[PDB]
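Every residue, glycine among them, receives a Cβ derived from its backbone with ideal geometry; neighbour counts consider all protein chains shown. What follows draws every value from the coordinates through simple rules; no lab data is involved.
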Amino acid sequence: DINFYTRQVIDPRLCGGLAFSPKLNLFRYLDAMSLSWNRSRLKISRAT
Amino acid sequence: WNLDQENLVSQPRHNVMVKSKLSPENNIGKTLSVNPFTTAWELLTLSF
C-alpha cells in the first residue's frame, strides 16, 4: 500500500518555454517608429 | 555576426548654443537703491 502526494516545478531552465514568449511580435513591432518620437521631442525641445 | 542590419546607427540630439552679455562700464550697484527718503522723511536734511 502506497499513498502520498508530491508537487514538482517545471524546471524552467529546461522546460517552461515552449510558449509564445510575448516578447516577440511586439519587439519586432513598432519599437523603432515609436522610438522615432525623437522628432516630436526635438520639436518641443526647440520651442522649450 | 549575421545581423539583418549592417551598420549600427545612433541619432543623438545635438545641441549647441553661444551667447554673450555686452555690459558697459558703469555702476548698476549701490546707486540702484530705493528712494532715500522712503518712510524716514522725519529725519531733517537738505544736503543729503
Charges only on Cβ, +1 for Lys and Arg, -1 for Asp and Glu: so what's the dipole of the protein assembly as shown about the Cα centre, in debye to the nearest 20? 360 debye
Shielding by other protein chains, A:26-32, mean Cβ within 10 Å: 0
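What is the count of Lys pairs in the protein assembly as shown whose alpha carbons sit under 28 Å apart, if the two are 8 or more places apart or on different chains?
Eligible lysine pairs with Cα atoms under 28 Å apart amount to 4.
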Please compute the volume of the convex hull spanned by the alpha-carbon atoms of the stretch B:6-48 and report it per residue in Å³. 130 Å³
Answer rounded, prolate or oblate for chain A, using the Cα gyration tensor with square roots of eigenvalues a ≥ b ≥ c: rounded when a/c is under 1.5, else prolate when a/b is larger than b/c, else oblate. prolate
